[PDB]
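FYI, side chains are in, hydrogens and waters are out, and symmetry mates aren't considered; it's all heavy atoms of this structure. Numbering of residues begins at 1 and proceeds along the displayed sequence.
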Amino acid sequence: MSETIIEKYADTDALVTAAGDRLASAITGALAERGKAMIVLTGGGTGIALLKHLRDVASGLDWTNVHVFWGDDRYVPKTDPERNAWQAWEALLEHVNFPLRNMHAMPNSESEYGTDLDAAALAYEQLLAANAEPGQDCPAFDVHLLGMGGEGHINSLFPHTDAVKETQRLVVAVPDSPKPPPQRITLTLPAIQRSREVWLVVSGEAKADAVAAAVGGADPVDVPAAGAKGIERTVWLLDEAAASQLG
Ligand code: NA
Ligand code: NA
């Protein structure tokens, strides 16, 4: 029943600027109203580009009031180039005074869960509950950022998978992603749906069919992005290419 907003920008650069400015404003707003912002970060070129923009325009925010979580990450070493958290570190977090006690990265392959990816996912579920309000099992994320693949995948939720079918668990292990690397930890649709707002930031014609399918009410098991819905609103931030199958 929540509101849906679709914004279209000329190209990837205009999209990233607009999305990064929207994020700066959303963080400022949450700090002004509650003295706290809870943001779920994503990986991917566009998602990281948005963080580089935030560094450019909002380095002066009070980061001690900003708390960051991840929607997914790759089960590889901490400083591996394929880590979403390390990419956000290099794009933004290492360049500001951001206390590490506020940073909540997912486990990596050196975290001593070893081959037990499911235990690693349980651990992140425990972290979500510890950082939630009393009696809640997940923070009320102010914004969950998302990228989307050409098949509509979001976080590491792929079509026709157990992860996208999960209705109870908030975090699960993915042993078999068809996009490299195969092993990830991911927030599920129920976790995404704890967010006040979910923003999908999407660029390129290769994604236009999936965007249209998702806006057009596909089953999330067929097109995972269709399940990515905020409590207050869902926001599609597109370039014209990614929007080219919408009206
Ligand atoms: Na604080
Ligand atoms: Na931490």
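- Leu170 places a side-chain heavy atom less than 4.5 Å from the side chain of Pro190.
- Checked for salt-bridge contact, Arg196 and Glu232 meet the test: a charged N lies under 4.0 Å from a carboxylate O.
- Note that CG of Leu189 and CZ of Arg169 are 14.0 Å apart. Values are rounded to the nearest 0.5 Å.
- Here the options are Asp73, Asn108, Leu117, the test is side chain to side chain contact (heavy atoms under 4.5 Å, CB included), and the partner is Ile185; only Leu117 passes.
- No single ILVMFWY cluster, assembled from side-chain heavy atoms under 4.5 Å apart, contains both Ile154 and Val174.
- Heavy-atom minimum distance, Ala91 versus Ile48: CB-CG2, 3.8 Å.
- Checking side-chain atoms of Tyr75 against main-chain N and O of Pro107 turns up no donor-acceptor pair under 3.5 Å.
- Hydrophobic clustering, with ILVMFWY side chains joined whenever heavy atoms are under 4.5 angstrom apart, groups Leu31 together with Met38.
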Test log, rule side chain to side chain contact (heavy atoms under 4.5 Å, CB included), inputs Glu7 and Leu238: CA-CA 6 Å; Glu7 312 237 44; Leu238 308 176; over 6 Å; no
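- Counting only heavy atoms from C-beta outward, the side chains of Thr234 and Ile5 never approach each other to under 4.5 Å.
- For the atom pair CD of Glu90 and OG1 of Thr79, the computed distance is 9.0 Å after rounding to the nearest 0.5 Å.
- Between the side chain of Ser177 and the backbone N or O of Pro180 there is no donor-acceptor pair closer than 3.5 Å.
- Between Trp63 and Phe98, the ring planes lie tilted relative to each other; the angle falls in the 30° to 60° range.
- For the pair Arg34 and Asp142, the salt-bridge criterion is met [side-chain N within less than 4.0 Å of a carboxylate O].
- A donor-acceptor contact shorter than 3.5 Å links the side chain of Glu151 to the backbone of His153.
- You'll find the side chain of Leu15 stays beyond 4.5 Å of the side chain of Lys8, heavy atoms only.
- Put simply, the side chain of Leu146 does not reach to within 4.5 Å of the side chain of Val201, judged on heavy atoms.
- With contacts defined as side-chain heavy-atom distances shorter than 4.5 Å, the pair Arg184/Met106 does not qualify.
- Contact record, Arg233 with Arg22: NH1-NH2, 4.1 Å, taken as the closest heavy-atom pair.
- Here NZ of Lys36 is found 12.0 Å from OG1 of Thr64. Values are rounded to the nearest 0.5 Å.
- Between the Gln183 side chain and the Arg74 main chain, no donor and acceptor come within less than 3.5 Å of each other.
- The cluster map of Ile, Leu, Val, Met, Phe, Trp and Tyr, joined by side-chain heavy atoms under 4.5 Å apart, puts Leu122 and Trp70 in different clusters.
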Derivation and outcome, side chain to side chain donor-acceptor pair (under 3.5 Å), residues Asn131 and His67: CA-CA 10 Å; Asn131 288 280; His67 307 261; over 6 Å; no
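- Contact detail for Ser244 and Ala208: the closest heavy-atom pair is OG-CB, 3.4 Å.
- When all heavy atoms of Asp239 and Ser203 are compared, the pair lying nearest together is OD2-OG, 2.6 Å.
- At a threshold of 4.5 Å between side-chain heavy atoms, the hydrophobic network of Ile, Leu, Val, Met, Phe, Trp and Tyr places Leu61 and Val143 in one connected group.
- The side-chain heavy atoms of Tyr124 and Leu187, taken from C-beta on, include a pair separated by under 4.5 Å.
- Across all non-hydrogen atoms, the minimal contact from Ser195 to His144 is OG-CB, 3.3 Å.
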Derivation of the side chain to side chain contact (heavy atoms under 4.5 Å, CB included) call for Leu237 and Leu200: CA-CA 6 Å; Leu237 301 178; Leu200 302 101; over 6 Å; no
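- We find the CD-OG1 distance between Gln193 and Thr167 to be 10.5 Å, quoted to the nearest 0.5 Å.
- Residue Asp116 holds its CG atom at 12.5 Å from OG of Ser111, rounded to the nearest 0.5 Å.
- Under a 3.5 Å cut-off, the side chain of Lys52 and the backbone N or O of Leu92 do not form any donor-acceptor pair.
- With contacts defined as side-chain heavy-atom distances shorter than 4.5 Å, the pair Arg83/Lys78 does not qualify.
- Taken together through direct or relayed side-chain contacts under 4.5 Å among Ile, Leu, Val, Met, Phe, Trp and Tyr, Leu51 and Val57 form parts of separate hydrophobic clusters.
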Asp80 and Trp86: CA distance, side-chain angles, deciding distance, side chain to side chain contact (heavy atoms under 4.5 Å, CB included) verdict: CA-CA 7 Å; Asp80 192 274; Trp86 199 261; over 6 Å; no
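- When each of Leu127, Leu41, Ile39 is tested with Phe69 by the rule side chain to side chain contact (heavy atoms under 4.5 Å, CB included), just one qualifies, namely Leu127.
- Side chain of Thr186 to backbone of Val172: no donor-acceptor contact under 3.5 angstrom is found.
- Nearest heavy atoms, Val223 versus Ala218: CG2-CB, 3.6 Å.
- Between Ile27 and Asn65, the closest side-chain pair of non-hydrogen atoms is not below 4.5 Å.
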From CA spacing to verdict: side chain to side chain contact (heavy atoms under 4.5 Å, CB included), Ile192, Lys229: CA-CA 7 Å; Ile192 293 170; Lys229 302 277 293 194; over 6 Å; no
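- If you check the side chains of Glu197 and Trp199, you find a donor sitting under 3.5 Å from an acceptor.
- Between the CD atom of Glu112 and the CD atom of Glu110 there is a distance of 9.0 Å, given to the nearest 0.5 Å.
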